[PDB]
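Given next are two forms of a protein chain, the same chain in both, each as structure tokens and marked structure 1 or structure 2.
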Structure 1
């Protein structure tokens, strides 16, 4: 009504465009959804933040920035400087691309569409999950990578699903067309045939991107992945984080460049529905997981196979999950490749300025069916009636560039004729060039002293008392530090100290050690104390970090990276798997709170850890620490599901162990870090046995011994025990050994021997046969276990042991809990009665 009233209505209007203008922006190239102050005041001047501008001018700047082909979501960001940064770059006149840059974009759209159309012609009946209707993804990714090269970064690491995967591999990464054509030909040379393999749209590649108009180059990698959509997200993060740590960039680096950029592509239905997306975004700013911001690209073809977005998500945008970490979101029209390239460059600039994630929602469509053989009009007839009227983005942009006067019709035709002639000469060459069953990858990696000097044990012990000046140790943490120095010099080394002796000795030898998991710094069972907290100030101290410096003051090259993970299994296990792939020379350990929670990461275990080598030739040396054992804490605090990992095992893909002594655990970890084999290690670790006074080791077991896959009772190897008196053999693994040994001693049963299987997979066949041959008077052999009959090692051992060793194990019987639906009973009293029945049966 007044001057103060009008100037106030304008400020609300400005805010309305900045907050909700994205809901009006012309972002959908299909235009499916139909429902998507006075006139004298437009020429009046108003106060804007400090200059005076006309309302018409304020309105035109706002409609240009927020209501054209780019929908900007940023007012949810809590940091005001990030809101100002976006506002300043979005609310200004944008410099038009040069004719050369426009021609370059069209060349990318040409190769994108001509690649898809060549495959439709040659291999009409072969699934390729085409990028048709989304070809702008190619110039957009090219702009992301080019912008990264402009900032002088070292590498872009890509992870993506099926949508236009082959197109990306050929036109962004640089994977030869001959290789991609040999895969459709179904004829692979012995190197491409090796292992069991995977489908062509799961494969990765590496290359060097060279700037078209710049002088920089950048490494471009694409990681392998399963069909399981979004499963590769935390794997990419881990991979990038390991590479950043090697380059001394990022979080654990001297420079704050985060010079390895994660570029993560997603489908619209997969991005909204999969939980691992939220779990992975939740890591984006964590000290132990951040990679300085990921560039996310959502290929939003407004469809997920036959499912409409209305049935796929409960939110406006498929990208709304990214608001949880305050990521800016750019919804961009896939038919405007210049707006797509510009947004991609802005996204990289934002990542570089704030070391935070950025989401690009590319609104497009899927020209053909879900796969190339599918008819989408059965379920989406309206959408496909609209798509059938739509001229592709390539034709649209070509007609735009001719009208502008940039290129001629002849120049456009010739450019496509050249590219079509090139694909045909490559296809002919491969076509011009016997299928056998897949072979096991076991022999692919074959290959050891793990003992350390007394001085090394003493150094790791002393490190626990080499406290900074003034440091106030918690009075209940102080005895751990003092008892460890004593253990290092006097023996009776417990499990938790043996672990740190192995990690510390590896650090001292120059190895990078990464250890993480839930409450892993202290230890779930208050046993580790890898990090100690000053009682008065809260300052942290990591005793093992002192081992990264030689006594002369020089660095060993080693480092101790220990973290408390977020409350995740899927993303945390994915990340550590990725980290180990990213740095094969690192010692990477992930610890479950209890092994019962690793089933939250079942997709990682099944799709990456146990099978990644056979499927993609991708090697990982990740260690999974799974606290395991029947102690009466209930069905979710008892089992690490040994039977599942043993079932998954084949082709020597993993090592699976359940060590019974601290020294054997020490040697197992050192063998794993020093063997030069990149294969995952699954370890079933103790809980109560951490504080079992019988479960301790002598210094000579660390300094003069090695890993023992099979263990005999000390009375026959280092004592006065007679192996010829033994009539009954009890074969076992884990903590049940001490309970059986205590019963044998109590009853003086010289007729019974207890043999421990420390390495569950691969089965130590020769070692087991050699050990059993030392007991010639054995009349009966029993596999004894705590676990229910359908769980533990019995389901695999009961079947494999009589087969691999018939002369030793024909007639092998089982002593265990009954078969159970849950891993144990809920009552500790019921556990106690069942545990005593096992001991009574074994000695009956």
Structure 2
């Protein structure tokens, strides 16, 4: 036969090989540190021969040039892992073509960005040699690349770009991308802060955020740009950014829950190479990308891949070929780009935005670069990486190289290039001198943020009977032909009954609070593991048609007034992924993104929230004091000693009480359905943006004593301290009391039952419903009503090193010495675990506490 047929078969193989594996041979590294193949008779003599390609006839030389330019020069394209053929086709059409050369104006603009990037760093090196700044030097191309992302988003008519990033070039991005004034950055280096800058305990300069407006230079549009605050914990901000963006999209009615699919707020997430591969929160956050409850229509990721992590080489930081391989699991295309090629970096940035817009999904840019100086500006890197730094020492920076290219192209002269650099440096010198001339302020110890947010003078949380009845009736206002599961129907009927007749249980009180907020126009977002039904089969926020699988959400009916007009409210209820770190981070972020939303995250059991410890420690408990960033997120933590073992017993009350300071969080363990209802309504309506930690029940959901009357919802309020009903409403005599038992949570009912059984008029039980801030005034006033008390005990089911005793045992006698001197503890022994593993052992220990309290 004709050997052109064999040769053509090799050409088809070559095209497939460049598309699939060309990235492995691409010239992406600016440092350049690193017989049995059947050719089917194809050789260098066939370069001028025409071959069949799938439709079109082209020379081998031309096929090879297109493939080499697309896949083996300064851009390594990874996309053949993507399931959708239309997405592979979209990328092929855009990468397998001769690109239009940028205009001289565009080239000068890119150079102005590289000038600003390097000169900002060398200026800080000259003025503040002894201070850490985590310089971008060796990765200056990040600045024209981020400019190109934002400019392309503005071109698509998008509303906002929200950035999260680590330390690398942070100050540079704040000044040269977001627009944080140079004067402000210099004042941070000077340590000369005004009262607004010195507010709260604060944080380091490379953790701060900013907001501004990006104005296009080549078009008629502009776009909002924000950069969120973060702790040192690398990648921890990733789910926070997604939550922040989702809240903004929901507000704009764009995205998943919106009337249009614009997803008009873009998450722009930066990463370091060692952190992106090593931190599990990265995989957890990527796992949220296509979920109905969390999708943001695609995140644009940029890895500042300087092929080092402090002193650690990539071979000790990851097991994958690329630091970006984790992102392929959600079908993200990956673009590896040579950081010494500013034009390729800007081109990839615009392509990434276009892909995100076309398919509303994640895209990753792996910018290969290097770190000119040590990890921080005081560290010597040649001690551990002598070869890398011998190579770095021979390298001209990307600014110098790009300037030489423009001088060579005839675009600019050396004199013009020199003058432009001196002008920008002169501007920095002027601002530096102006800041240095400012009046120095006296340095004082940091101050508590407690008084910055206070409850409004007037706020009622009580609702009328009509509201309770409406929420009860909503549970039986089923869509026509809907088939309720036969074991769910009694719950719906019981809710209508409770709404009109009382004996309201915990699960219905929660829905009365959320339903009444929705009716008042509030957005309520509730999520967690199996949260739609409830772990304890108690919530049924969503019910499923037994015959069709169709879903009905009773509380959504409260978003429409009886006359048919919308209230402005909405109920967004989701089953989360099996994640704690990313889920809690997302809900924290969501509440920051929309301060007017009611946002609740529910742990399956409180015992699993330690999986989100970095978010609790670094954002929830401390973001207000450190950054002035406010969150109103609610954490619901099922808690209680029931004999189910050490991972089904405790939300670690003691840890949240230890973290507590400056009124940063509200911490509560309500004992009645009505008090929980009032707590949630207070939290949603007070205008205070501070997290709420609630220790919620499990068996107490179905305790027939733990029910509330209609008047507790219509004629009461949140009560931080509760007395026994026999003293406030009944015929109980407070003067007969000689022993006072102070407690919190479900053990109250067991203590009250024992009191009734033995007719102990000499013992009274007082509940502390709000654990923090301690209700000092209400507690003192309650105790003053018992003048004949001779002994006081703090009773708890938790071990002695757990529960409220570690905090209360120390704070109550100090804060109220005339009431709690001599306060003694009644609890389980101190334990390494939160409880015994045996239900029988739990029961014997529980009885010991009750016997000791009445002994």
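Positions refer to the first chain, counted from 1. What we label the rigid core is the largest C-alpha set whose atoms superpose within 1.5 Å from one form to the other.
For the set 43, 807, 803, 780, a Cα shift of at least 2 angstroms between structure 1 and structure 2, after rigid core superposition, holds for 43 and for no other residue. Superposing the rigid core and comparing between structure 1 and structure 2 gives a CA shift of 0.3 Å at residue 526. In the rigid-core superposition between structure 1 and structure 2, residue position residue 55 carries a C-alpha shift of 2.1 Å. The shift recorded for the CA atom of residue 13 between structure 1 and structure 2 is 1.4 Å, with superposition on the rigid core.
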